[PDB]
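Undergrad: Give me coordinates for this.
(2 chains)
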Amino acid sequence: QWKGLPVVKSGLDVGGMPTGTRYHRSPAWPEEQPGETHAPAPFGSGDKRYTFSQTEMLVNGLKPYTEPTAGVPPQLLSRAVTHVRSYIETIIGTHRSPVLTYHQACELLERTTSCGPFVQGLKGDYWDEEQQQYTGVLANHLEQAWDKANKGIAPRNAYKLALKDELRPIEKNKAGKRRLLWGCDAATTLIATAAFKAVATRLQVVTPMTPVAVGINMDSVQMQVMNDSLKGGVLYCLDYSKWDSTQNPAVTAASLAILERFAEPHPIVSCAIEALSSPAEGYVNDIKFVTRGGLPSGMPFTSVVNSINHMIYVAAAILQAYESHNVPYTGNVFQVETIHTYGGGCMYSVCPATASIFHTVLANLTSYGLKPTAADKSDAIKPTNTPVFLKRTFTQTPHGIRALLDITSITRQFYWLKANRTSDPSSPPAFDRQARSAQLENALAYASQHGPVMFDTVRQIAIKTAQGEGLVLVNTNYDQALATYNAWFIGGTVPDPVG
Amino acid sequence: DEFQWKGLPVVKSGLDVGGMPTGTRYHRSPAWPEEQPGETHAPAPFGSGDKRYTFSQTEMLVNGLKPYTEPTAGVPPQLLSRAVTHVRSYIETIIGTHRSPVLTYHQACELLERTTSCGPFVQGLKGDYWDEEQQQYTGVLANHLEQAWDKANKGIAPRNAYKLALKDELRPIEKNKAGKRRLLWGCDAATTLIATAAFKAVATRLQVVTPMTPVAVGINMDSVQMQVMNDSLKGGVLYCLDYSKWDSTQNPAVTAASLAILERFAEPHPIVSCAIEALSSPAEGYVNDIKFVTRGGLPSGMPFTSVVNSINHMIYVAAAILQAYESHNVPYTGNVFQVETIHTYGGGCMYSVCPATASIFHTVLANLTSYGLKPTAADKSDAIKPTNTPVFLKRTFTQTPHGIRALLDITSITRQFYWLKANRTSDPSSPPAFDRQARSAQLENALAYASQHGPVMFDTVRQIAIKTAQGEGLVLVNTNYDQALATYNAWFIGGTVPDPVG
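TA: Residues are numbered from 1 along each chain as shown, chains lettered A, B, ... in the order given. What follows is the structure:
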């Protein structure tokens, strides 16, 4: 059952996973529309849809984390790291950011999201609003971990395990796949937050100048800069498979070491590294699962850390194809090549030199343990002229270049609502009519950018939904959709010189 | 009707407007009675009052107006039209083909500058006709505006008219001797409104997408937008220029073209036709009983001056680059701004050109100069060679421990400590009736700027700031290096809209 997995008695009992899904078929769309390719992930017992045990998916999801991936040989890994290090040195400076205050890290914790495996409930449950600080059990828990970290004792890299309840593509549901959610211990998140938050900030402020695109505003001149940067290279757009489960511990350890060089030395930094770089321990019920490979989605700064991992990987891959054709590589990989990454989602715009051997770059990449494909699950990965990133398709429009949100991602928001957990996606959903309205006004503003043929498809669907759900929409008017989108845009720029 | 006046072609305006503002607002800081090592500037000559200089008020209004009589050689029509097509089609690719709808009367009115002169046919600032919450305007002004709006909606365009004055600022001493003050053209509010209704939507489209178009107007030099500019220079040979006397070397035919380019990106409508009609017309500047018509140039103070100016600059550099190529018998197939990298803020610019273009760049300059322009050589020492040190809008792009920054010119910084604005007066010497609150803000900022240069040379500005704070009886929190740094950082991180709002 749990046997043949690095499983052990945790000495606690954390409780089972939630049953059901928060997803309801809409009141206006009781029956599966043709073209719908997504449906809630499999939720165990109670969907007459498939016969899966929840705990089955868990263990299945967990198999990758059960042993390590090949990684990158330590000598090559080290060269790669100097490319990743020197490059970002040059855009965020050699400055070392001072660590955060206990109160400072605290108010940055996401209040809507679990305290992890040592304290039940969400973080928000223990926040005193009048005092503007955490209180009670959770407070005690943080204080002590904070205390031990100042003494150079690291916190435990522990997670409350669960499955993401979300919309997934149908084939993947049929297959019995579902994604893992690693709810990290509030203490560890705090320690990590205090250490790297200033570094992460600098990287985000500068996006997309650094291959670490986290927090990129896809609906601003930020996107235009990104698009612009692909000019005069061979474009490859990728979306690796199961990225997080394919990460190598020694690479994550390198990334953390890089993040570390931009933070000023402090016990808190040391424990942040010690913690996030040792094996993950996911709890469920009375047992824990100690990972032997992989990065848990839901570790602090997983997106930032993932992207630096990605830089490392791709730099190593390029440095290795040049070596086995006995050509030297002249300068910085991120100067010569142009890279944009967000976790396993990326765009590589490489120089003719590189592009010519791009075949062994992939061979090197897969050999490390990664699975590259082919955004547009395009079954075979080629150069392209159509940039695709974070489910957007860069497109010229009457307003200039826009990142078009994948139409399925848009339309699906009309057929399903996120609401109250239940075993019956066909039951009446309890929902906030005010908020649903806004949600769909957003969707329309987004569809507007697709041009009036595909917008009409959406308006049609929208009008019908608005009726069925008893909502009045505005952006159901095409001129309306455009202007709201545009205000978002203008929007994501700060004008006249500030000082 | 048309008589002379110390060399000036001028004509009775009918209406009186009265003379322009008496005196200067600049006093020399009580902590700095004696001139300081490397002080370059001082307040503009202002005549009536000024015991320093023996120029009159109406003397140097002539020295400012002098150029605008002699029209400039300009760009020959055939080159012009071609250069236009390069400019137009390039800004199409980064702002799209869409046509922006004209502003409604109230949006138009809302953006009219409230601190500012009323034009030459209406009295007082625009504020002396506005009441907070009643939505609109009142008085003679509301009438003036309302007519122009209907006359303009029926194709009858307003008048390209201005109330001439004299920009009171600190200018180089060498220039202040040569009788020079810079002119200020206060614009008839009615005209400033019609243009607004026509173009604000386009100007915004350009600004919001900065610096991806060589129209830098609006750029936040203290944000990532600067870092982008900096990257866009890598790979070219870099020339930095700030052109001498830009506004008065502008060519009516160039200006006209720019405006049609602007028009291309607005939906066609009487309001638009009108603004173009007015703005390409010769400008005339009323000062009391007389007025002066321009036979060439640009009034510094026409609505959208910087935007239009910068589109002008695109045309000039494109035409001159494309001319150079012709005279070397080398084909030039691409669009100018995809091949070369340009940034312009009216007069000041940075050219990052490809090697081929660099090798014939002398002759580029020769072309520009031949259209009646006067290029220098931004960094005070000219020629006028390729640099590695980007300079633009008083900023030198420099690697720092916090990544690249546009460092404010130090002499631009330390100067703020030696002088202060306040009350109109005949002296820059006498004790001022100034506002400690505003002054304190200004210096704190100056410090926040100086901190980007690093500790050694920041400390010299601290030195200055201490001594300044004593003579002036102030307290300056950014006298601490970390505070200045913190307040800079505040600005800079606050210049980038993150966790995907949309």
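
Undergrad: Can you tell me the SS state at residue A:50?
TA: Using DSSP: H, G, I helix; E, B strand; the rest coil, the structure places residue A:50 in coil.

Undergrad: For it, which non-adjacent residue is closest in space?
TA: Nearest residue to residue A:50, sequence neighbours excluded (Cβ to Cβ, 6 or more residues apart in numbering or on different chains): residue A:42, at 5.5 Å. C-beta here means a position set from N, CA and C on the backbone, and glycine is covered the same way.

Undergrad: cool, residue A:488 as well?
TA: In space, not counting the residues next to it along the chain, residue A:488 is nearest to residue B:502; the distance is 4.7 Å by Cβ to Cβ, 6+ apart.

Undergrad: hang on, residue A:183 in a strand?
TA: Yes: counting by three-state DSSP, residue A:183 is part of a strand.

Undergrad: pretty sure it is touching residue A:158, no?
TA: No: Residue A:183 is beyond contact range of residue A:158, at 9.5 Å (criterion: Cβ atoms under 8 Å).

Undergrad: Need the overlap of contacts for those two.
TA: Common neighbours of residue A:183 and residue A:158, using Cβ atoms under 8 Å, 6 or more residues apart in numbering or on different chains, are A:116, A:117.

Undergrad: Pick out the residue in the stretch 101-250 of chain A sitting closest to chain B.
TA: Nearest residue of the stretch 101-250 of chain A to chain B (Cβ to the nearest Cβ) works out as residue A:219 at 3.7 Å.

Undergrad: Under a three-state scheme, what state does that residue occupy?
TA: Per three-state DSSP, the local secondary structure of residue A:219 is coil.

Undergrad: you'd agree it is up against residue B:497?
TA: No: contact criterion Cβ under 8 Å: residue A:219 and residue B:497 do not qualify, at 9.3 Å.

Undergrad: Now do the shared contacts for these two.
TA: Common contacts of residue A:219 and residue B:497 (Cβ under 8 Å, 6+ apart): A:491, A:492.

Undergrad: okay, those two: which has more neighbours?
TA: Set residue A:219 next to residue B:497 and count neighbours by other Cβ atoms under 10 Å in any protein chain shown: residue A:219 wins out with 24 against 19.

Undergrad: As PDB, could you dump the C-alpha coordinates of the helix or strand hosting residue A:85?
TA: Assigned by DSSP states H and E, residue A:85 belongs to helix A:74-92. What follows is helix A:74-92, C-alpha atoms only, in PDB (Å, rounded to 0.1, in the frame of the first residue of the first chain):
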ATOM      1  CA  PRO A  74      29.400  18.400 -11.100                       C
ATOM      2  CA  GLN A  75      32.000  20.000 -13.400                       C
ATOM      3  CA  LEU A  76      29.500  21.100 -16.000                       C
ATOM      4  CA  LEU A  77      27.000  22.100 -13.400                       C
ATOM      5  CA  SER A  78      29.600  24.400 -12.000                       C
ATOM      6  CA  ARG A  79      30.300  26.100 -15.300                       C
ATOM      7  CA  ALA A  80      26.600  26.600 -15.900                       C
ATOM      8  CA  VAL A  81      26.300  28.300 -12.600                       C
ATOM      9  CA  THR A  82      28.900  30.900 -13.500                       C
ATOM     10  CA  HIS A  83      26.800  31.800 -16.600                       C
ATOM     11  CA  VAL A  84      23.600  32.100 -14.600                       C
ATOM     12  CA  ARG A  85      25.500  34.000 -11.900                       C
ATOM     13  CA  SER A  86      27.500  36.500 -14.000                       C
ATOM     14  CA  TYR A  87      24.500  37.300 -16.200                       C
ATOM     15  CA  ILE A  88      22.100  38.200 -13.400                       C
ATOM     16  CA  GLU A  89      24.900  40.000 -11.500                       C
ATOM     17  CA  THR A  90      24.900  42.200 -14.500                       C
ATOM     18  CA  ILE A  91      21.300  43.200 -14.500                       C
ATOM     19  CA  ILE A  92      20.500  43.300 -10.800                       C
END
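
Undergrad: Determine the set of other helices and strands touching it.
TA: Contact partners of helix A:74-92 among helices and strands, from 3 or more Cβ pairs under 8 Å, 6 or more residues apart in numbering or on different chains; DSSP states H and E: helix A:186-205, helix A:249-261, helix A:302-323, helix A:333-336.

Undergrad: now the angle from that helix to helix B:224-232?
TA: Relative orientation of helix A:74-92 versus helix B:224-232 (axes from the mean of the first three to the mean of the last three Cα atoms, to 10 degrees): 120 degrees.

Undergrad: Need the contact partners of helix A:74-92.
TA: The contact list for helix A:74-92 (Cβ under 8 Å, 6+ apart) reads A:71-72, A:202-203, A:206, A:209-210, A:212, A:250-251, A:254, A:257-258, A:261-262, A:308, A:311-313, A:315-316, A:319-320, A:332-335, B:227, B:399, B:402-404.

Undergrad: Can you name the next helix or strand after that helix?
TA: Per DSSP H and E, the first helix or strand lying C-terminal to helix A:74-92 is helix A:102-106.
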